[PDB]
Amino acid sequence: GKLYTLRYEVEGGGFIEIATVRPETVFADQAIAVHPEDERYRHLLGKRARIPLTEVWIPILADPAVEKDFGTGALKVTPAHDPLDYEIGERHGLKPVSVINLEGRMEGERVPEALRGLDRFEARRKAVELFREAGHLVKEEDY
């Protein structure tokens, strides 16, 4: 129902914005991918971004499959939860990390305490509020 834009802290200061309709999967991110020719992010290639609400840092890498006009043009990559991300993960040797188990519940050290054990849909709603309260929610748009 909604598109969320989140700001992830960038190594050395500043932020990089990512858009997603699956905020609960942010904790499984393994990279942020950008098109190599995208002027907005080229200088960030090789630096790292911190996953909101965690102490996990992931690579900002380049991949030609990224569409500069989709979202912010910076794509969070979660190989375990999306088939397109899985293909990017294979090209870059990313390790799939799942934060949603087979029963549909959130699980994992990377998942914030308040979200563990919740079913995916309830976690999606709560994750948005945790991001909002922590200062990571840049914007929310309705479909």
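In case it trips you up, residue 1 is the first one in the sequence shown, and so on.
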Stretch exceeding the other in mean C-alpha B-factor - 25-33, 59-67: 59-67
Per the entry, which of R48, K95, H81, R116 tops the list for Cα B factor? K95
Go through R105, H43, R91, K76 one by one and give the residue whose Cα B-factor in the PDB entry is largest. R91
Chain thirds of CA B-factor: placement of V138: highest
Cα B factor band for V10 (lowest, middle or highest third within the chain): highest
Would you mind checking where the Cα B-factor of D85 ranks among the modelled residues of its chain, as the lowest, middle or highest third? lowest
